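Counting neighbours? That spans all protein chains shown, and the Cβs are built from the backbone with ideal geometry, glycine included. What follows is calculated from the coordinates using simple rules that are stated; it is not laboratory data.
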Number of protein chains: 2
Amino acid sequence: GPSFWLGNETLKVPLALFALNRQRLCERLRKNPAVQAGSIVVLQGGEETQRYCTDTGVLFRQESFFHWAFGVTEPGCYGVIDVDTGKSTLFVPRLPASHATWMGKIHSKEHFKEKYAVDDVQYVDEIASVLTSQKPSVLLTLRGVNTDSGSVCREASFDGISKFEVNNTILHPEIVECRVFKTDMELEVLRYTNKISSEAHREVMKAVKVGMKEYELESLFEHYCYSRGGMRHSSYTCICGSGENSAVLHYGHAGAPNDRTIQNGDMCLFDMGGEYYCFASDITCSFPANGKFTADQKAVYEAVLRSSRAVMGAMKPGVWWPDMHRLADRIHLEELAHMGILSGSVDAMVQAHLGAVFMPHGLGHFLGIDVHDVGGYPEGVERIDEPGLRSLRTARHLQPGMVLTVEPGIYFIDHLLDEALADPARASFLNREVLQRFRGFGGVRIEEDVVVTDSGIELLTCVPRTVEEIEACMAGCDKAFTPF
Amino acid sequence: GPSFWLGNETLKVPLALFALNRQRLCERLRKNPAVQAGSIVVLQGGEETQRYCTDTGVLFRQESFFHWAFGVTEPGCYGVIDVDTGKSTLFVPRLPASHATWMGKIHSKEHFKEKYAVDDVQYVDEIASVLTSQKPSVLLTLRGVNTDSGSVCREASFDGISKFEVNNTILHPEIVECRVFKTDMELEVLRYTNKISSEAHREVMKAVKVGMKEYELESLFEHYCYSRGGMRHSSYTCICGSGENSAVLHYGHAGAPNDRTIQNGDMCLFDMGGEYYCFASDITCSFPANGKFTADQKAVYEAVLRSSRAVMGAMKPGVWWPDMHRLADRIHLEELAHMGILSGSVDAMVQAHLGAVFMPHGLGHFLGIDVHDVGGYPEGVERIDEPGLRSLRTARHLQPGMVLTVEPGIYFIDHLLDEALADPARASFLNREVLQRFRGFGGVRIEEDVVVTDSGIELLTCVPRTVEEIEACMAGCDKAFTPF
Ligand code: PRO
Ligand code: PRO
Ligand code: NA
Ligand code: NA
Ligand code: NA
Ligand code: NA
């Protein structure tokens, strides 16, 4: 069958991937006792947008549920799936003649049917008529709450839909649950996004020089990913934190736009991941700007390397993700005590939630078509109201096919440290005279992407990780990638 | 005073630029008979957005009118200007403590006052109280129609605004008119955006090889612009049309995403321009993929070079822009006849609107904070209802301080050519035996950015343009060219 491909060495993604997702969705819906025979899933694709009131077009990236089901790159589409038969119909815009002048070839419906391997293609202006003739019992539309944004996913609508019976409650939890478990075809794409992003991270480590701006490495990363990987988008805005900025978890946004000069002695924390055909990656590498770890940098870094590998070594089906978060906390506290930043009973530190002072974010999250992927908190799974753990993007138990980031870190964040020092229950553990040396250190985060397997995990990421590996990588002479 | 700067060799942009814009706006409003004493201009800045219902942040780019007035890069702001005194107040978001962890330093109001050189800074939730205490006669808000998108610009609103007298008709045409005329400080930035984008176009011409994907050059262009120019954004999505795709005017969007393999014998038409601190550039270079113009390619290319230079040579204050469009049409028709593609009376060809078959778009447009900048069709300026001319983005007369693109082109667009061949009023001019040779040629566009001056124009763009200059550049030559 047909495949998506951007040529050269980029990955061929079979459109059969999306056909399988549609099949899996139907199979799950058929098992739901509330779903009536003759139901039709109706999804609305993303539309083209502009900057504010201007005619400046924004590059179109497909809505994630619609992509998951259909893999369609064009704006203005709808897609439907007959639940009982699995038959798929794509609706494409009926374009005006001038499209041929300004935008490109006006493809036929047959072209799209062949391109996407759906059962039928019709024009968008005919959706009401086509759905009417199919005599559905109910239209199943998509509405639910994203548990990372808190936003409500907005259901499909079209002129004439009011003539139909519409249910907007059944679909969302079911299609979310399908997205949580990656097919082998999806895993091949995530292996690829991790491959290219790993290569790009390595090029960045090789290219970093004292005196560069953070954004020069953001630029290089995205250039490698696009030109060599066909990744036109990043999965999220690149986080290129040097020095104290490495303590800022989502650094790099418009308000703090990767505009610091990298200085001798800085730690770098680069959290970047290219996106291919709307599939994510998310990798974080931490390393000394000047290519040589100081003793303090080595100690902090190897603490996070220890929790990283301990968590990965413990992950397997049945493991409760919050237990892995707490494992990382305990290891960080042990290591920080060995360094002399902390003193006392680590058991007592844990009871006082001291780990969250140093790692205020969740250990890791589902990853897929969205970098913070759906399904972390389905009905019945509750958010734990404790420091650190409350930022976990899932409290589920691990099962095969789940894809997770594993991203422990240790940071020196002034307002968290100061809070802790004011609290007698935590302050006794902190050795101020030692901690003072680490103010402005920033932080270390080591982020791998992994798949849960029957017996443990598969590691998707491949970057240097030991102190020796990193120093060797940065000292490498290889001009494998030299723009200009 | 303070400056915007991204370090290295990037341009320092004084915040005095925006203070001057505010002053110019007030001065214009004070002369406006509809404006009362005690009026306050109220603008609302752009807000942060996400992809659909996800928490995937979209990189924030400021709304263009708000940028013009304040130069503010942070999302969630408002800004007001007291018309009678020119006093400026910036309203910034009151951030949650957790911002310090995830997003970065929670800057003081004084930090922002100093950063932006405004007269006062307040928190956004205090805007109703602050405005109330000033006892304004009327709030002047922004509402009007963009004549390129047809969209209505969104006026500012805040909780409590209903307690004020609000006028939303006066401001838009006045602030648009200010934007039409660039200050010397604004011209410094547009000189810079053209410098970097010109350098990037030159790097692309040096790097292009047969067998590359179009998007590899898009990536390279953007990487040059960001890493060397500090241009995090492009002004619009890169148009990298090879072969037949060079006849597609806005090629490169999601539906036609720069994914063709460049072939020997192809013409390339690359329309790309980096954006610096929300100031545009827009440059188009046309060249043979293999670095050597064929005779046919040379002929089409030099026809557009002739119209380009004729227009630039004719432009000066008082010139009616549609007359320049018609001048380009006439030159294209003359040269196409000189090539044997057309025969007969060129006067008659013009009368038959034959020029629009080969150049279906407008000769050029205002450029500024938006690539298709505001103010092309103010009240009283009408769109000309003829092929080609109706696509003009302005029908104004040129005056000093206007910035325009000059972008004639010749394309071989099958459905337009076939229309002409079916039309007895046009068909006899076309020589099919020669024209058949140019089917699938694509097209040539040569686009310069220029400023209208007292004596003529100032050319901002600096790329190779003659056949010899282009072949030299592609062969790797250092500035082997001299501008018009
Ligand atoms: O947002 C999250 O969950 C992770 C934590 C650090 C950056 N990304
Ligand atoms: O949109 C416009 O006006 C010009 C014409 C060619 C591409 N950009
Ligand atoms: Na991360
Ligand atoms: Na992550
Ligand atoms: Na253009
Ligand atoms: Na243009």
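Worth pointing out:
- Centroid-to-centroid separation of the stretch B:167-239 and the stretch A:84-117 [C-alpha atoms, Å]: 33
- Peptide A:103-112 - average C-beta neighbours from other chains (10 Å radius): 3
- The charge dipole of the protein assembly as shown, taken about its Cα centre with unit charges on the Cβ of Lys, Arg, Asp and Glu (plus for the first two, minus for the last two), comes to roughly 260 debye.
- On Cα atoms only, tilt of A:321-338 relative to the major axis of chain A in degrees: 20
- Of the GluC sites (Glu not before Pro) found in the stretch B:23-53, those in coil by DSSP whose Cβ has at most 11 other Cβ atoms within 10 Å are B:47.
- Packing rank of B:372-379, B:132-139, where each peptide gets the mean count of other beta carbons within 10 Å, highest leading: B:372-379, B:132-139
- Size of charge dipole - chain A - debye, nearest 20, with Cβ of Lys, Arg +1 and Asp, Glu -1, no other charges: 520
- To the nearest ten degrees, helix A:171-180 and the longest principal axis of the Cα atoms of chain A are 50 degrees apart.
- Dividing the mean sequence gap of close Cα pairs (under 8 Å, 6+ apart) by how many residues the stretch A:1-180 holds gives a relative contact order of 23 percent.
- Across the stretch A:107-123, computed HN-Hα scalar couplings (Karplus, 6.51 cos²θ - 1.76 cosθ + 1.60, θ = phi - 60°) run 5, 6, 4, 5, 4, 5, 4, 5, 5, 9, 6, 9, 7, 7, 10, 9, 7 Hz from first to last residue, x flagging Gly and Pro.
- Each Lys and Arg contributes +1 and each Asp and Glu -1, all at the Cβ; summed about the Cα centre of the stretch A:122-215, the dipole is approximately 460 debye.
- Column: log10 I(q)/I(0), Debye, Cα scatterers of the stretch A:253-303, q = 0.23, 0.29 Å⁻¹: -0.94, -1.10
- Calculated FRET efficiency for the pair residue B:418/residue A:347, C-beta based, R₀ 56 Å, to 0.05: 0.10
- Computed from Cα atoms, the angle from the helix A:295-314 axis to the main principal axis of chain A rounds to 50 degrees.
- Each residue of the stretch A:72-87 is assigned a 3J(HN,Hα), and the resulting list reads 7, 9, 7, x, x, 9, 10, x, 10, 9, 6, 4, 6, 9, x, 5 Hz, derived from the Karplus form 6.51 cos²θ - 1.76 cosθ + 1.60 (θ = phi - 60°), x at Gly and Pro.
- Placing a label point 7 Å from Cα along the Cα-to-Cβ direction at residue B:390 gives distances to the equivalent points in the other copies of 6.1 nm, listed shortest first.
- In nanometers and ordered shortest first, the copy-to-copy spacing of the residue A:109 label point, defined 7 Å from Cα toward Cβ, is 6.2.
- Residue-averaged [θ]222 nm for chain A, counting only DSSP H segments that reach four residues, each worth -39500 (n - 2.57): -10500 deg cm²/dmol
- Relative contact order of chain B: 14 percent, from C-alpha pairs under 8 Å at least 6 residues apart in sequence.
- Amide H contacts under 5 Å for residue A:45: A:77, A:78, A:79, restricted to partners 5 or more places along the chain or on a different chain, H placed in the peptide plane at 1.01 Å from N.
- Taking a ≥ b ≥ c as the square roots of the eigenvalues of the alpha-carbon gyration tensor, the stretch A:181-484 is classed oblate because a/c is 1.5 or more while a/b is no larger than b/c.
- Take residue A:58, move 7 Å from Cα toward the beta carbon, and the resulting point lies 0.0 nm from the same point in each other copy, nearest first.
- Relative contact order computed over the stretch A:414-472 (Cα-Cα under 8 Å; 6+ residues apart), in percent: 16
- Rounded if a/c under 1.5, otherwise prolate or oblate - the stretch B:357-400, Cα gyration tensor axes: oblate
- When Rg and the Kirkwood radius Rh are both evaluated on Cα atoms of the protein assembly as shown, their ratio Rg/Rh stands at 0.98.
- Net length gained if the chain between residue B:383 and residue B:263 were fully extended (0.36 nm per residue, minus Cα distance): 39.2 nm
- Ordering A:16, A:462, A:168 by Cα displacement along the dipole of chain A toward the positive end leaves A:16 in first place; charges were set at the Cβ atoms of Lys, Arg (+1) and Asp, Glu (-1).
- Taking chain A as a whole, the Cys residues whose C-beta sits 4.7 Å or farther from every other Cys C-beta are A:26, A:77, A:178, A:225, A:238, A:240, A:268, A:278, A:285, A:462, A:473, A:477.
- Comparing A:107, A:26, A:79 along the charge dipole axis of the stretch A:17-168, the residue lying farthest to the positive side is A:26, per the Cβ-charge model.
- Take the Cβ atoms of residue B:30 and residue B:108, set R0 to 25 Å, and the FRET efficiency comes out at 0.15.
- Selection from A:45, A:308, B:349, by position along the positive dipole direction of the protein assembly as shown (Cβ): B:349
- Anisotropy class of the stretch B:194-344 from Cα gyration tensor, a/c 1.5 cut: oblate
- Protection-proxy order for peptides B:15-24, B:198-207, each taking the mean of Cβ atoms within 10 Å per residue, highest first: B:198-207, B:15-24
- Per residue, the convex hull volume that the Cα atoms of the stretch A:1-180 enclose (Å³): 154
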